[PDB]
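*Asks:* Dropping a structure here in structure tokens format, bear with me for questions.
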Amino acid sequence: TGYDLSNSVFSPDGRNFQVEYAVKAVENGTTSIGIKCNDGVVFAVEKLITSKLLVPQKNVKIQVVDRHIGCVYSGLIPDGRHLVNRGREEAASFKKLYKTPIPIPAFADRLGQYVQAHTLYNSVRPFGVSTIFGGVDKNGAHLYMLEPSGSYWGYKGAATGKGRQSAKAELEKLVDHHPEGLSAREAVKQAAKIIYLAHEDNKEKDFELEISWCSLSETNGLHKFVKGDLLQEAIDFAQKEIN
Amino acid sequence: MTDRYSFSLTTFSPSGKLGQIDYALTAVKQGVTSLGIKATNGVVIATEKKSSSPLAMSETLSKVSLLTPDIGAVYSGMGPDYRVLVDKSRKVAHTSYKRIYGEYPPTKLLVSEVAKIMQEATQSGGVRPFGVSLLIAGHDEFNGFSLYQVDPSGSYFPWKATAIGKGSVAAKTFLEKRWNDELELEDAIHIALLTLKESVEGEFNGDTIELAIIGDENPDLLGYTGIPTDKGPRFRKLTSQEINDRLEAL
Amino acid sequence: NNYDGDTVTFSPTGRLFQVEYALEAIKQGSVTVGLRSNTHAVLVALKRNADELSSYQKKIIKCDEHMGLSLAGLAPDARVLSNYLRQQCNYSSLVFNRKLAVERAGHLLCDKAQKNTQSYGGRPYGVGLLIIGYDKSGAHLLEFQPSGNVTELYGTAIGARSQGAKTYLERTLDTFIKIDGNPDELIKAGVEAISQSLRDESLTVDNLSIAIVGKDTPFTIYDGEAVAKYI
Amino acid sequence: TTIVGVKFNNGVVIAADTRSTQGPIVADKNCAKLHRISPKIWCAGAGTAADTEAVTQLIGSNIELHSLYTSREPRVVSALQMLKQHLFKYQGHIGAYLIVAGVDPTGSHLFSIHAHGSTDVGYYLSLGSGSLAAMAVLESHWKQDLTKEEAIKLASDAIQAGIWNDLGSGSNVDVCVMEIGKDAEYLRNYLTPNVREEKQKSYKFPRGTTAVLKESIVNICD
Amino acid sequence: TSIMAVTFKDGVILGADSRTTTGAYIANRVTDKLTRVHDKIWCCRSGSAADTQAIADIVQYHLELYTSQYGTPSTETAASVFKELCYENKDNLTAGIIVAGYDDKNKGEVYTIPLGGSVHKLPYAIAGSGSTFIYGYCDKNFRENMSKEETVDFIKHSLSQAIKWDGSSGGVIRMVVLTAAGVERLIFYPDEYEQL
Amino acid sequence: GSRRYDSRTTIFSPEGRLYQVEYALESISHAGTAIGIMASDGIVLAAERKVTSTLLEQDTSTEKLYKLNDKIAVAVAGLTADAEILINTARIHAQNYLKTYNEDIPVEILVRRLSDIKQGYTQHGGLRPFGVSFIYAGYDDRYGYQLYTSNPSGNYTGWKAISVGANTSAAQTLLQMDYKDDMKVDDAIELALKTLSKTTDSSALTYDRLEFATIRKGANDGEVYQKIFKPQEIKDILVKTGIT
Amino acid sequence: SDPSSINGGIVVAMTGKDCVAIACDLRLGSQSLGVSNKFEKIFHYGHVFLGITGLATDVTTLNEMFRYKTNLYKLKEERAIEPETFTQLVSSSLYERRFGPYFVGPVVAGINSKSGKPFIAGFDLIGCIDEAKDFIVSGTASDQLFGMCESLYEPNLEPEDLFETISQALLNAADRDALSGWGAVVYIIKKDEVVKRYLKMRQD
Amino acid sequence: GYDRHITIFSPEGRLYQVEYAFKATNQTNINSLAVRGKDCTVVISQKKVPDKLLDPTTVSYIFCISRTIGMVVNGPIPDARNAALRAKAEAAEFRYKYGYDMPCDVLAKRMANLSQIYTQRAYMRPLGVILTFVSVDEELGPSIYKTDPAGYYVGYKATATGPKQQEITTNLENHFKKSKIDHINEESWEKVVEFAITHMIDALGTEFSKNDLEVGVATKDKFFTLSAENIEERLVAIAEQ
Amino acid sequence: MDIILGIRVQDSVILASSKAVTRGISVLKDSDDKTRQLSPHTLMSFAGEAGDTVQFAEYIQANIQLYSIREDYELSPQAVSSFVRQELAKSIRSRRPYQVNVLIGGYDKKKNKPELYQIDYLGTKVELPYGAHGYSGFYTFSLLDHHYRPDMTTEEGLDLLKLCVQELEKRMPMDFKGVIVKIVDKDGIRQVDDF
Amino acid sequence: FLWX
Amino acid sequence: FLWX
Ligand SMILES: [Cl-]
Ligand SMILES: [Mg+2]
Ligand SMILES: [Mg+2]
Ligand SMILES: [Mg+2]
Ligand SMILES: [Mg+2]
């Protein structure tokens, strides 16, 4: 054997073991989710409070690309930052040449082709992050999830990290119970609940909730963080549901 | 990133063998039988068209390739490796000869350029040798008709007649009995079809056999008239019909 | 085991051993403490000597008039990263006439450390940093790890027996955070914190290294007879 | 130089004069301005003689390699695109003015290329110093639905206008006819209306007229 | 040269003369200065024939590759690609281009790109040597939300004057109509437009 | 990364030998024998073709003996393809020298440069060395007739008579036995063939398995002639000496 | 400062019955100053003859360059280059320096060893080929040579007659040019013998 | 045994990384099928959307390379999208350089030559994909050309790819033995799509809903994919016969 | 720089080179040796642009000295001249060409013959019985055409050279402060101290 | 220097 | 140059 010692090597199965190993680093990370709604998308993430010494609200994990795209990730946080830095270059060069802000599907493939490139050579390591991202373009709302292999699809709901199975089960219920669609303000409250429910799989340390959203009506198609009254309203909704 | 493989993947073993060249020759041995016979007034190169599937159109896949109007090539071994070698061989005939001397290279010098490309894959960083042996038949004014074999090592030898690949050992013994220095081109085509029938197992007709000649100039294939010195290509690929005609008087 | 040859290889459980070994170099390094109020941020560093004839390895580096760090691990790697921060702080000044935000400083170090953990031939940085600064949003303290993970904290400590100081600061959090407009009292809390990480050795005059930045205080380092006040 | 292209129902015909000049001196009285890019794509060239010949051979070479790669007869638009991209790159420093004509699977085509890399489409075109003499004849006699024999007559008449009236053009008329479904026929010296009259005298010198200092056998052998 | 594009109720119409000149010699009297960069994005070319053809060919390449990946590009996107080439290579190019296209959302749109490489979105645009003579006429006569027949007349009368006064403009008046219906090519001969 | 698959072609053994040079020499020891013999009035180059087939075209063939310029030739032992790369380099180096100084290249200068190229492949670049040994037979107006050999190490030495390839041990003993300094070309021709005839792995030495060349001053007055022997000429010289 | 007319000199080539002739002057000067009366402008690579007029440093450089190329040609092809092929090599080599050219007016002459056909050709400095049945001219007195050749020349001259015609063409053209003359050389080329004659001409 | 890790020859003259890349082809567990009409070329592929959270519209293995050329992939989506983007770039560049639309067979050869390089150069891995290119070529007419990780390519009368490829192949072979021709003798592309789906149902032995299939159609001067409703209309036609 | 002459006689080559180094309206030096020994039997005189002359001479000298050590052999005068010409022939199409003109006087020990080569800054080489560079030629060439014989002795060659220097001192506008004379023969290179 |  |  030894097929798993080098990136971009096919095993006799037809598998790249180094990519499958990167997935393990993602499964180890904190829970992050995405919810597609009527006219936009909602992103939420679990921030483990390691110590009292962590400054609340001042270790932001959700990152904006251009002005209209939100990116959240689970796994090696630095690898995620490197991917968003690339995303920001791709979105800048697209806007520079074509004038229009980059469509979400176009943006998704720009990350997709880049992550896939890091499975083509033994001189690079695959990305140790699953990335949930999306926003609002001319064709409406789009939610995407991107994996270390370079694999990505469009999603109604997405979840990755240690509490992915718990989150996925809760996401599948929303899709079934709301076929006509979920509203932006509803999706924020649901996002809070699903992070709190998915925290059961990571319950040693207590956590800090962080939510962001793009909505054609609520944020005018731009990416904004949920803060103050709207955040506390979503936390209270989630606190009521666990009890 | 970047090609970090700047070192040889082909090195000498303690026994003095170059492993990757030996292994490349093993790949050629597994390859389908192709042969070449040199007559007094022409050269014939022939091979079986091993069809991957009966749904596949074996006309689209060309094992016998025109390199210049007066030079043709056939192979045994890995088809993809052959395809890119034909592309490089056609281009090098232009860049390193025709664009300098305003005429097509003689057979031996084009063979020498193809050999050089295959030798470099034997020594250059981060590459395996080519898994093919070529048979290159050609004509030129000052050397006349000639037939050459080119091996993965980059070595080339001139032949009166030879075969390469699957049943080459038996095919070479067959050619030794039949070959003389007074063979006319039609006699050489006849022997080529007899020799190839031994190695072919399934169907033997103009649709499963690929055969080309280096013979007389073909003015009809030139595409234009008015220049007396330009008399047309000596390379001609025999049609499916033309092969079947000679298989009746076999 | 078989997956620690270089930084480009993941382990079957999804670990980067070369990064974890770089993290180990910090634990071997001498203790350094960081803590802040709303007005001031303080670095306290226990310096280490080769023997009694040798000098004490300087732990604290100035990056700009409003920013600087303390180091624990490979000092040459701290020099490379501190030199990079000096340039980024300096670029912000010359081009934008703008003091570099302590948060951006962290983001830049993170992205520089990360590139060394994904590429063949290179190696991770073998040092941890505590960056203090005063910018347009008040006092800040950062913890840099060579994995690329940068974290904003009220207080922390890195190096050998850092857990002692980190537990103390976790208890004292409510007290030292409200030491506003009093440099000497915030340092005393930092000196008392690092004292929880001492074994057999005590704080002497050429042993202790203190740095402070604040509202009306440029980043200034205190060594020798200047720190005798706090023993 | 005078070069023309004329379209007829089943193909295209290009013609040219045979005069090469160095300033006011005629360097070549019978030079060939008609070049084969491919068997059924021919080119007429005006401007710097070396530039027209070099650019014709380079694209002709690349078209042959492209034809072998694609297993398809080359197209005029391919020769046109490769030429105009090459000429544009050199910002007019390659002084080649070409009439590109030919037949391909798409049909019959006639284009002109200027040194700066502009291309024009037409049923009749003329380039070179004698283009205005030629274009006068073409504008007078050209009509839609020319026959082969009419297009050759019109093309050669347009060149003759250049030969007689333009000092840059002279000697003979070369023609190339590219008809659909047929081999292109290159008619080298189609007309020779400028034959040198018998000289009044033979200037053959009595043997020994020239004074000689030394003789020696030169060794050409090994 | 005399070129213009006019927006109207159903879309946009592009007009141009058919004359190419070296000095006072007319090299081509039946030039097609209306060139396709996409199914319903066309441009009018003025200035260097060589430069405008090279630019148009590159833009057509960029929009074909854009279409393969992100589907139909906007008229604004096409104008942006023209601008990028014209602006970044301003020192080596003599090209005044009018970009005109039909979206189904945005309807008819006209962008003009002068020598500088600047972009200007306008209800209608005129450019080329002959345009100078019809600024007065076009300003007085242009109305927004004209019909097809009104816009064809406006362009025909406008270029007719441009051709009459400018030696550098002449031949036929080519036009290209861009609507939801599709793409329609129109031609008008001297015997018609001269005696308007 | 790629470190895993690097043979390290340019390193020392614990004994201070170059692995790849030693293994390349082992490769050459299986190649057809080539002999050079230097006489007072010319040089002989003889070489045994590797186990010939009866359908090999013998007359329009070149395996062993190559021409570098009008005054210098080489006999090859090893990979023919490798040799042809080095020969084309040597042919160019000769023309560069002629272009620069308007004088034919001295033999040693050409040999040193070709040997310096081989040396490079043993010290840097991480590539395999050339699996080739040369016998250089040449003439210049400084040293007259000269025999050299070069090997994959890039080391070269001068010789009165030398062999490379197969059975050099046996071949060198026979040459050392029958060679003398006042020898003529016609005598050296006989010695070269007699040596191959005894050291050959074949049953009997025949014309079709031999390449032969002489560099005499046998042209007309103070000029050198290279003679690459034709099949019929080898057949005649083989009968004349009484081997067949 | 016109490179083609600093050093001065002329070459002329003519075809006869189963023969070719190539001739050149011997002057090398620095404008008005005559420096050398031994500077030959005709070289040969096997049986192919090349005359070169123009800047003398480029005449020398190109001779050395074509010797180099024809030597490698012969080693690889195992035969002497033919005039038609050499003509193409000259053209390629000159056009390689399209935007930094050799200031030369080369002239190829020789008999194809296979066909036995007499062959001559001329080139501009950029490599354009001028093929001719009758004659090729080159140099500072090319106008004069064109006038002499066009009047004196007739087809199918015997080697001994062709010698008189080319010699009188060169001599009388050189005497009307300030930068040409100072001696002349004429090569008479038959299938398998070549005679080289030095002409007696006025030394001013 | 490092001769199994990179693209160098094994003692028996094999490239194991090429062979393992072929096995990656079937990792998706999807079967594709291509057939030629008189005027058209139809390609059909199975569409499996296991996750309920997936947006099914974004799940596709068929790509519009150029206006005329369509491509279906058998293999993982990352390598599929890698191959698609390159093919799109290559087809666009070809049109710019040579002034006419890249033919289906020439693109196939170009992509196959790229694949061949990954089998000879060590630093590049082969893509674990089989690319099926379809068009109506203006010279050769209805065209199917297929590329694999070995760098092999050939034209096809019809073809199938995936785990149950052999069953679909013999099903088509038996039809062309019967019909005695090289294509589906049918006027409209609608009925050629119906043929393609019918013969896939017979070979695989499974029934299809509108969301179980993905259809691409090449006509003269455009290639297009069918919506769920276009397929549903097509499934209704088969059922009512 | 200005005046450099060369006369090849029966058994030797004689190089005369002016001693003046002028810059503006000041003769800075009147004892300048405008020559380098390339090898024991090869001498090169040089004249042209300031700086370029010495820089080029010393560069050639270094290369010929390197060849001598490497091969333990002296390059023929013909070989040295061919090398020097090619360096100048490269130079002329450089960014900044060497504006240096040279005479190469050598004794070929193999042929037992003196050889004089005249090379200008373009790389124009000629073998001559007598040569000059700059305006000197306009006087000395016609004088030597008259008085020169090919079978002259070294003493006759020096008298013929005195005749040239006298003519140049009479008719040349500039004061070149006399010449340094050097003889190249079978015994090598020696300088005439009293001229 | 064709213009439009 | 030679023109045409
Ligand atoms: Cl390719
Ligand atoms: Mg007008
Ligand atoms: Mg005169
Ligand atoms: Mg005079
Ligand atoms: Mg590989």
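Here's how to read the names in the structure tokens: chain A, B, ... by the order shown, residue numbers from 1 in each chain, ligand numbers from 1 in the order shown.
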Identify, counting only C-alpha atoms and all ligand atoms, the protein, DNA and RNA residues located within 8 Å of ligand 4, and give them as a list in words.
*Replies:*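 Written in the requested form, the residues are residues 34, 178, 203 and 204 of chain G.
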*Asks:* Which protein, DNA or RNA residues have an atom within 7 Å of ligand 3, counting only C-alpha atoms and all ligand atoms, as a short mmCIF file (atom, residue, chain, number, x, y, z; two decimals) with N, CA and C atoms, in the first residue's frame?
*Replies:*
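Result saved to part13.cif:
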data_model
loop_
_atom_site.label_atom_id
_atom_site.label_comp_id
_atom_site.auth_asym_id
_atom_site.auth_seq_id
_atom_site.Cartn_x
_atom_site.Cartn_y
_atom_site.Cartn_z
N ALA G 174 32.33 48.53 -63.85
CA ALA G 174 33.23 48.88 -62.72
C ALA G 174 33.93 50.22 -62.99
N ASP G 175 34.21 50.51 -64.26
CA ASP G 175 34.98 51.71 -64.68
C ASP G 175 34.07 52.95 -64.64
N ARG G 176 32.75 52.76 -64.50
CA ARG G 176 31.76 53.86 -64.35
C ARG G 176 31.32 53.98 -62.89
N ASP G 177 31.95 53.24 -61.97
CA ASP G 177 31.66 53.31 -60.51
C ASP G 177 32.96 53.58 -59.74
N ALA G 178 32.93 54.57 -58.85
CA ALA G 178 34.09 55.06 -58.06
C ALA G 178 34.50 54.00 -57.03
N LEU G 179 33.52 53.31 -56.42
CA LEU G 179 33.74 52.40 -55.27
C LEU G 179 33.98 50.96 -55.72
N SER G 180 33.95 50.68 -57.03
CA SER G 180 34.17 49.33 -57.61
C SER G 180 35.42 49.32 -58.49
N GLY G 181 35.98 48.12 -58.72
CA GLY G 181 37.14 47.88 -59.60
C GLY G 181 38.35 47.41 -58.81
N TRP G 182 39.54 47.92 -59.15
CA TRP G 182 40.83 47.64 -58.47
C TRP G 182 41.24 46.17 -58.66
N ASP G 204 42.28 52.53 -61.06
CA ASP G 204 41.86 53.85 -60.51
C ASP G 204 40.38 53.79 -60.11
#
*Asks:* Excluding residue G:201 and any residue of its chain fewer than 5 positions from it, enumerate the residues within 12 Å of it, using only C-alpha atoms, and give them as a PyMOL selection string.
*Replies:* (chain D and resi 210-213) or (chain G and resi 25-27+37+167-168+170-175+180-185)
*Asks:* Could you tell me how far atom CA of residue H:233 lies from atom CA of residue H:199, in Å and to one decimal?
*Replies:*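 About the pair atom CA of residue H:233 and atom CA of residue H:199: they are 17.4 Å apart.
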*Asks:* Any chance you could tabulate, as JSON lines, the residues of chain H at most 10 Å from chain F with each one's nearest atom pair and distance in Å to one decimal, using only C-alpha atoms, in chain and rising number order?
*Replies:*
{"residue": "H:2", "atom": "CA", "partner": "F:5", "partner_atom": "CA", "distance": 7.4}
{"residue": "H:3", "atom": "CA", "partner": "F:5", "partner_atom": "CA", "distance": 9.5}
{"residue": "H:5", "atom": "CA", "partner": "F:5", "partner_atom": "CA", "distance": 9.5}
{"residue": "H:6", "atom": "CA", "partner": "F:5", "partner_atom": "CA", "distance": 8.9}
{"residue": "H:122", "atom": "CA", "partner": "F:2", "partner_atom": "CA", "distance": 9.1}
{"residue": "H:123", "atom": "CA", "partner": "F:2", "partner_atom": "CA", "distance": 8.0}
*Asks:* Using only C-alpha atoms and all ligand atoms, which residues of chain H come within 12 Å of ligand 5, and what is the closest atom pair for each, with the distance in Å to one decimal? Give it as a tab-separated table, sorted by chain and residue number.
*Replies:*
residue	atom	partner	partner_atom_place_in_ligand_line	distance
H:2	CA	ligand 5	1 (Mg)	11.6
H:3	CA	ligand 5	1 (Mg)	10.4
H:4	CA	ligand 5	1 (Mg)	10.1
H:5	CA	ligand 5	1 (Mg)	8.1
H:6	CA	ligand 5	1 (Mg)	4.8
H:7	CA	ligand 5	1 (Mg)	4.2
H:8	CA	ligand 5	1 (Mg)	7.7
H:9	CA	ligand 5	1 (Mg)	11.1
H:15	CA	ligand 5	1 (Mg)	9.4
H:16	CA	ligand 5	1 (Mg)	10.2
H:17	CA	ligand 5	1 (Mg)	7.2
H:18	CA	ligand 5	1 (Mg)	8.5
H:19	CA	ligand 5	1 (Mg)	11.9
H:20	CA	ligand 5	1 (Mg)	11.8
H:21	CA	ligand 5	1 (Mg)	10.6
H:115	CA	ligand 5	1 (Mg)	10.3
H:116	CA	ligand 5	1 (Mg)	10.1
H:117	CA	ligand 5	1 (Mg)	8.6
H:118	CA	ligand 5	1 (Mg)	5.3
H:119	CA	ligand 5	1 (Mg)	5.6
H:120	CA	ligand 5	1 (Mg)	6.7
H:121	CA	ligand 5	1 (Mg)	5.5
H:122	CA	ligand 5	1 (Mg)	3.7
H:123	CA	ligand 5	1 (Mg)	5.4
H:124	CA	ligand 5	1 (Mg)	4.6
H:125	CA	ligand 5	1 (Mg)	4.2
H:126	CA	ligand 5	1 (Mg)	6.4
H:127	CA	ligand 5	1 (Mg)	10.0
H:149	CA	ligand 5	1 (Mg)	11.0
H:150	CA	ligand 5	1 (Mg)	11.3
*Asks:* Kindly provide, as a VMD selection string, the residues of chain A having any atom no farther than 6 Å from an atom of chain H, counting only C-alpha atoms.
*Replies:* chain A and resid 9 to 10 12 14 116 120 150 to 151 154 to 157
*Asks:* For the selection just defined, write its residues with N, CA and C atoms to a file, as an mmCIF file, in the first residue's frame.
*Replies:*
data_model
loop_
_atom_site.group_PDB
_atom_site.id
_atom_site.type_symbol
_atom_site.label_atom_id
_atom_site.label_comp_id
_atom_site.auth_asym_id
_atom_site.auth_seq_id
_atom_site.Cartn_x
_atom_site.Cartn_y
_atom_site.Cartn_z
ATOM 1 N N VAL A 9 -2.671 10.793 -5.587
ATOM 2 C CA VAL A 9 -2.421 9.357 -5.900
ATOM 3 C C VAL A 9 -3.755 8.623 -5.797
ATOM 4 N N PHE A 10 -4.145 7.927 -6.868
ATOM 5 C CA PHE A 10 -5.298 6.992 -6.888
ATOM 6 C C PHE A 10 -4.908 5.700 -6.163
ATOM 7 N N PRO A 12 -6.074 1.623 -5.491
ATOM 8 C CA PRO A 12 -6.680 0.646 -6.399
ATOM 9 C C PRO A 12 -8.212 0.738 -6.490
ATOM 10 N N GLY A 14 -9.783 3.614 -6.698
ATOM 11 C CA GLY A 14 -10.010 4.833 -7.500
ATOM 12 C C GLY A 14 -10.261 6.038 -6.609
ATOM 13 N N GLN A 116 -10.270 21.946 -6.273
ATOM 14 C CA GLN A 116 -10.007 20.749 -7.119
ATOM 15 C C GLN A 116 -8.535 20.742 -7.542
ATOM 16 N N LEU A 120 -4.626 17.774 -7.500
ATOM 17 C CA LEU A 120 -3.994 17.406 -8.800
ATOM 18 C C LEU A 120 -2.489 17.150 -8.634
ATOM 19 N N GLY A 150 -13.276 19.279 -4.000
ATOM 20 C CA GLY A 150 -13.681 20.273 -5.012
ATOM 21 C C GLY A 150 -15.146 20.111 -5.377
ATOM 22 N N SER A 151 -15.786 19.058 -4.856
ATOM 23 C CA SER A 151 -17.229 18.761 -5.049
ATOM 24 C C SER A 151 -18.061 19.871 -4.402
ATOM 25 N N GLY A 154 -25.696 22.979 -5.403
ATOM 26 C CA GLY A 154 -26.701 23.889 -4.827
ATOM 27 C C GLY A 154 -27.493 23.163 -3.756
ATOM 28 N N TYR A 155 -27.903 23.865 -2.696
ATOM 29 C CA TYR A 155 -28.629 23.283 -1.536
ATOM 30 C C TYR A 155 -29.846 24.141 -1.172
ATOM 31 N N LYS A 156 -30.886 23.485 -0.647
ATOM 32 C CA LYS A 156 -32.026 24.117 0.070
ATOM 33 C C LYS A 156 -31.559 24.434 1.493
ATOM 34 N N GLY A 157 -30.844 23.491 2.103
ATOM 35 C CA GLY A 157 -30.155 23.661 3.393
ATOM 36 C C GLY A 157 -28.848 22.894 3.396
#
